[PDB]
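Notes for the one structure printed next.
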């Protein structure tokens, strides 16, 4: 399906975007500040794999 | 009274 | 009578009380100077579901029963609930252990979530072209796009803030950024005053009505 | 030890019965624990009223607590001098965030001595959060008349302030006047509850009152219904009105017809409850009497419909 | 007391006439509108105000926008399934 | 099992919801029990009738401290069409108006004069004596609550008892009392003031 | 004069209540009418004047990126 | 409308029917009617108005005692409002007129002539008593049973018809 293809793309994004996010060291400053972890709206390849193995199987069953 | 006072 | 209790839980919304189990760890032994005040430490599990949000309760209260009064209190409280939604309430899951007011904050936190979700499903479903919405359980981020000037975009963020007192504080922010395509095209002070004037905008119409009117007069400027 | 002060104390001491000498005299604190042993309370009446008045002769008694003694006397005898009930009403806005007892005792005395310059106003804040005012009235031409005072039980933050209906003089529009100015309200309204039992008025106004095999009774299905409607209009423990619940007609006999129906019972709402089961009353006993506490007022003022 | 209520009557007359003239003004405000919701949050505007960081984040956000093309869309789709 | 696994919820609602309603026919009786922070020592019995003309039957929403009772007659002038919201805003009034009532029962002897309070303890005006050093000049603290919902006081007036500006130590003490009363309750402050002001040093002028 | 004093205070109590309500209305109407249009009719037209703060979208994107893991855990 | 002989009698059952507005005195009179252990199964019936809601299986009423409280004019006006639901064959023997409250004579909203005129214009016995006192109930209740055994036919010499010829 389109969502499953997007999920496959998300799985591709899991390899891509996480690598893109790992390369961007400037964004590492986020979620590492007392004024960001509280005021700014308060290793995920396996989690994104759980967002692919437990989501593509679950989306199809819907 | 019819509840008049 | 339990059917009427479910009905009462449906109208007097302490949220659904589904999985309840009352045990009691009797602690009236002699270690506590049995001549003095009595006590008992009951423990209750109270799991339940809202319209969408769930919760589970680990609840162990010390019941100090003095020789003339029953100074009921709490010693242990563990809350297993939603993630970001109760991260702010995680302050109270320790304040209640440092209890009733979790059934008044989350009692109105769920009303806040209703006024969030149903208003979002109003604004996006009724009209969603110039409007993109970061559709998530906690992502209150709407896209805006007007093409009269070809490079405009706005986002309103429907932030949630619950204080330590359990009072819900609706943080109605306009967390603005236009892309660099047309940042310097209007050249007016309309954008610099945008997030301060948003607090005025919500006070004019209904809170949802103000968002709908901002949509109709900011990204529907191409539609109108 | 003064004029109309020692005599007033003497006149208010013998009023109380022999049993409650200690209970009343411990409250007003003129007699410290040492002074109580000097007077022997158990011999006679005129002996105790003479040695007790001497104990304040040496204490130099003043009207300020001489009226207070009458206050504690009335707190144990509130079932006399039938009480009015006034109802305050603020406009639109926030509550009275500053009802200081000091400020209220000041803002009542100031407004009451502004016009009734010769009065002895004496407050005694009771433990049930009900300021028990007592006002000895008298115009500027005369001394304050302590013979017949007008006790006012203003419940501290409540809009309602019960008032002893003693004479209903030209001061009763000023009694409410200073009551609605001291307490930061705007309007005074006698809600028309006029009962002698103050502890029964307090429940009514605040809604704190309910919070053989051979004998075959042929009309058993009717007696059960009579009991049902009696138990659905008088739920449990009806409070004692004990007041002339007036009913002044203006009704055409089915142009108008006037009478002034006055129910007079030692316990009114428990007498009406025992009317329908006794056959004196119909089973659906008229709202006309059952909604005496539900209306929080027994001298009504509405018309035909 | 009469001076007090005379000052109060000057004030109330000032106000009936002045709120009549600003109720004309208020109709003007509605005609311009033609064509504790905020009191509690009256101090939350300071967080909006709170550079090298801005430029680096914006440049990263442009790359993160490409990431958001697959991530936010998946989130907008997963929650849509959750909402439905 | 259902007679115990679905009836103990009422018992569970007693200890926890603060809004457990007795299932009395003709009007649910919401037995509102209230707690300050983690301690609870009162319950308020509001009696209603199930009528589309929404009338409260005979409340026990305390009439001795009766702004709740006025709120039993005036909060419905704001919202009553939803018992959903009334049960909250009335449990809020009862849960704060007991908190200040519970912020009263603590006072034992740290204070010298009588705790001249208010019903709901809207105005807690107590002439206490915290004297860290011996130079005696007490503070009469008129704790003024703008709102009957927030547990903590809103307007703190820790006024020196008819005395001029003393040395910087006592002005510092007054400024600290203001910010410790506005943010932290007396139940958690006057137990931290005896702890800091050890030995219970009373006064000489008062 | 004392009866006249009671009547004047009754007027003074009524005058005080009426003046308090009138001043409350005055402040509410001043705020609403004067500031709403000077802010709404300004901004709504200024937004129209626009259409027809640099870390804000960065924070929104960080929240959206955390929302991915939040929904994955859901 | 009640009839004396619509239902068959029991076996030893003599079932009276007391008719009076006040039911406290009726209940006391019924308690006194069964306090003595008589030889007849007395099934006393109470009532307020003879209309008597139509319930089948009701026994053959062998006696109706119109307890007329002389203190209250309601107990009379309801009695004449209950006498218009009686048979002309019921007033012969099986009808008595109890007049309670009489003798006190200071609370009587009804003159005792009016009740005697009422009981003489229906040609039925009028038995005076005072139901508020037990000492005058237990001696009058035993009079309503010896009348009841007469009308029910338990004394095998005297009919209900023979009774009013003796109480005239």
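FYI, it's all coordinate maths here, none of it is from the lab. Note that each Cβ is placed from the backbone with ideal geometry, even for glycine, and that neighbours are counted across all protein chains shown.
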> Can you give the mean number of other chain Cβ atoms that lie within 10 Å of the Cβ atoms in peptide C:56-62?
Replying inline: 2
> Any idea how far apart residue C:208 and residue F:171 come out in nm if each label point goes 7 Å out from Cα toward Cβ?
Replying inline: 5.5
> Using mean Cβ contacts within 10 Å as the protection proxy, how do H:22-28, H:51-57 order, highest first?
Replying inline: H:22-28, H:51-57
> Any idea how far apart residue D:94 and residue G:27 come out in nm if each label point goes 7 Å out from Cα toward Cβ?
Replying inline: 0.8
>> Bin width 5 Å, origin at 0, all Cα-Cα pairs of chain E: what percent of pairs per bin?
In response: 3, 9, 6, 6, 7, 10, 13, 9, 7, 6, 5, 5, 5, 4, 2, 0
> Helix H:112-121: angle to the longest alpha-carbon principal axis of chain H, degrees 0 to 90, nearest 10?
Replying inline: 30
> Quick one: which of G:4-10, H:107-113 comes out on top by average Cβ neighbours within 10 Å, and what's the full order, highest first?
Replying inline: G:4-10, H:107-113
>> Show log10 I(q)/I(0) for chain C at q = 0.12, 0.18 Å⁻¹, two decimals, from a solvent-free Debye sum over equal Cα scatterers.
In response: -0.79, -1.28
> With the calculation restricted to Cα positions, what are the radius of gyration and Dmax of the protein assembly as shown in angstrom?
Replying inline: 39.7, 128
>> Please report the spacing between the Cα centers of region D:85-100 and region G:34-54 in Å, no decimals.
In response: 42
> So how many Å³ per residue does the convex hull of the Cα atoms of chain G work out to?
Replying inline: 206
> What angle, in degrees between 0 and 90 and rounded to the nearest 10, separates the Cα long axis of helix H:23-35 from the longest principal axis of the Cα atoms of chain H?
Replying inline: 50
> Percentage of Cα-Cα pair distances in region H:13-167 greater than 27 Å, rounded to whole percent?
Replying inline: 14
> If r is the Cβ-Cβ distance from residue D:283 to residue H:120 and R0 is 51 Å, what FRET efficiency results, to the nearest 0.05?
Replying inline: 0.90
> Where does helix F:168-183 land angle-wise versus the long Cα axis of chain F, in degrees 0 to 90, nearest 10?
Replying inline: 0
>> Quick check: pseudo-label points 7 Å beyond the Cα along Cα→Cβ at residue F:50 and residue F:73, how many nm apart are they?
In response: 2.8
>> I need the calculated FRET efficiency for the pair residue A:5 and residue A:35, taking r as the beta carbon distance and R₀ as 56 Å, to the nearest 0.05.
In response: 0.90
>> With N set to the number of residues, divide the alpha-carbon radius of gyration of chain A by 2.2 N^0.38 Å and report two decimals.
In response: 1.41
> Fully extended, how many nm does the chain gain between residue D:199 and residue D:128 (0.36 nm per residue separation, minus their Cα-Cα distance)?
Replying inline: 24.4 nm
> With N residues in region D:1-159, what two-decimal value do you get for its Cα radius of gyration over 2.2 N^0.38 Å?
Replying inline: 1.14
>> Taking every pair of distinct Cα atoms and averaging 1/r, then inverting, what Kirkwood hydrodynamic radius in Å comes out for region D:76-142?
In response: 14.3
> What area, in nm² and to one decimal, does the C-alpha convex hull of chain F cast on average over all directions?
Replying inline: 13.9
> Given a Förster distance of 60 angstrom, what is the FRET efficiency for residue D:118 paired with residue H:161, based on the Cβ-Cβ distance and rounded to 0.05?
Replying inline: 0.10
>> Give the average over all directions of the projected area of the C-alpha convex hull of region H:1-103, one decimal, in nm².
In response: 6.8
>> Averaged over its residues, how many other protein chain Cβ atoms are within 10 Å of peptide C:197-209's Cβ atoms?
In response: 5
> For region D:269-305 and region D:172-241, what is the separation of their Cα centres, given in Å?
Replying inline: 10
>> How large are Rg and Dmax for chain D when calculated on the C-alpha trace, in angstrom?
In response: 23.5, 78
> Once the Cα gyration tensor of region D:215-305 is diagonalised, what are the square roots of 5 times its eigenvalues, in whole Å and ordered largest first, as equivalent ellipsoid semi-axes?
Replying inline: 26, 17, 12
> When the helix-only estimate is applied to chain E (DSSP H runs of n ≥ 4, each -39,500 (n - 2.57), divided by the residue count), what is the mean residue ellipticity at 222 nm, nearest 500 deg cm²/dmol?
Replying inline: -28500 deg cm²/dmol
> Based on the mean of other beta carbon atoms within 10 Å per residue, what is the order of E:13-19, F:61-67, D:122-128, most packed first?
Replying inline: F:61-67, D:122-128, E:13-19
>> Let me confirm one metric for peptide G:19-29, namely the mean number of other chain beta-carbon atoms within 10 Å of its residues' beta-carbons.
In response: 4
> What is the Cα centroid distance between region H:88-156 and region C:1-53, reported in whole angstrom?
Replying inline: 66
